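Single chain ahead, written as structure tokens, the form deposited in one PDB entry.
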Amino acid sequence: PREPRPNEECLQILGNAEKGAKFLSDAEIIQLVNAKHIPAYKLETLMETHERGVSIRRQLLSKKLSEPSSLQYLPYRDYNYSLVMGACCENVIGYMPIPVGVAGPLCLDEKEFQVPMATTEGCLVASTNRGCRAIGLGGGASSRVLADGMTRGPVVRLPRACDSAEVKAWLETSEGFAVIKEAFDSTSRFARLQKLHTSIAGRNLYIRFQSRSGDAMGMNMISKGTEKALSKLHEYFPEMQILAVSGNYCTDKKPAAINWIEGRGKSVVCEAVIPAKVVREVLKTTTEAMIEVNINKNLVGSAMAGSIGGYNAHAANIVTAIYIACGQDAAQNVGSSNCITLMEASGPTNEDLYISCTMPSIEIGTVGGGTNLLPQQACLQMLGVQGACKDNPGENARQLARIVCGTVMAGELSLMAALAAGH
């Protein structure tokens, strides 16, 4: 065996360029960390490899648990931590595997997709698959991006509500907007300020900056632009106080009517027509029953529950699964699952099922954040939308938004059919 060497030593070895770590033992590193000679947060750099750093962190953590063996089945080895450090997570102690299933082919805008879904919910993928099959037999779905821009809603404060009114008026003129647009756009090549939306509350002024952001989701870029624009605004109104760069007016990761009404990120609509025969044989129901259930659940039931933007069956399921599979920020599902599902009779006999899904606030990107990790990049690649689209910036993010809407629609179709048919 062996025993730890004193603390005063073991820094000699740590320092030595040749005789570095890989000569110390785990217990020795533990001792050095417990003595404050190393900061634990740095263990992945000050250590021969990154995996060993997370190992050390795990051992330290285990010592403080009531059940020391808790981490046994949390996997941490043979994972590329270099892409996570300083980018994606801190105090890393391993990774959480989420099973990934595949729904498809989804026939959307004359193409076919195979949609990865990371879920632990049994039967979700199978239900989505049945919906995909129904749509495919129906002659495919169609989608359109209606609007596109990520937003940031800072709140600033003036000495008096009259001053706030003055600032609002100045922002509404062409000259003031031009100045703010120039300041905002100077911060990046994709920063192209669109029309501003202001709201006063007493001496608080809430300003909603909106802009396209290439293929990135846009939060960092929009925030940077917002900060620069607010500095410029401060130049004209030195009494202005920037209270918060986010005033919950964006609105980011909270339910808000503003996202529903004005949009946030990408606004999409998708539609399909399902023949009567296909509704009978694949969905095991009828068009009339589907419409009845749609009206009395997604419209009237949501209305009685007091829903804003929740006029759908389970869009959040599909959205969350895809988001986790493709490296999106999963909290954003809060806003991104806003959807209204409509079903009607169609065809020369009113026997076919027309269905449409409308999702005004799909917050999504294919560059930056979680999309920088290879496993998530794989799921993006199987869709054909990985990374930046050099020719037509933002095209990959738009395509991913369309696929999200189409998959949500297939899921709606399937779950609605199941509810209408009974058990």
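For every residue, the number given is its place in the sequence shown, counted from 1.
As for the form solved in complex with a small molecule, it is not shown, yet the points below apply to it.
Contact check for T287: every heavy atom lies farther than 4.5 Å from the small molecule in the entry with it bound. Proximity of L60 to the small molecule in the entry with it bound falls outside the 4.5 Å heavy atom cutoff.
In the entry with it bound, the small molecule sits within 4.5 Å of a heavy atom of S213. The small molecule in the entry with it bound is not approached by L380, whose heavy atoms all lie more than 4.5 angstroms from it.
Stretch 213-221 is the contacting one of 213-221, 266-274, 334-342, 70-78, since its residues have non-hydrogen atoms within 4.5 Å of the small molecule in the entry with it bound.
Contact annotation: of the candidates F190, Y206, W260, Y95, the single residue with a non-hydrogen atom within 4.5 angstroms of the small molecule in the entry with it bound is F190.
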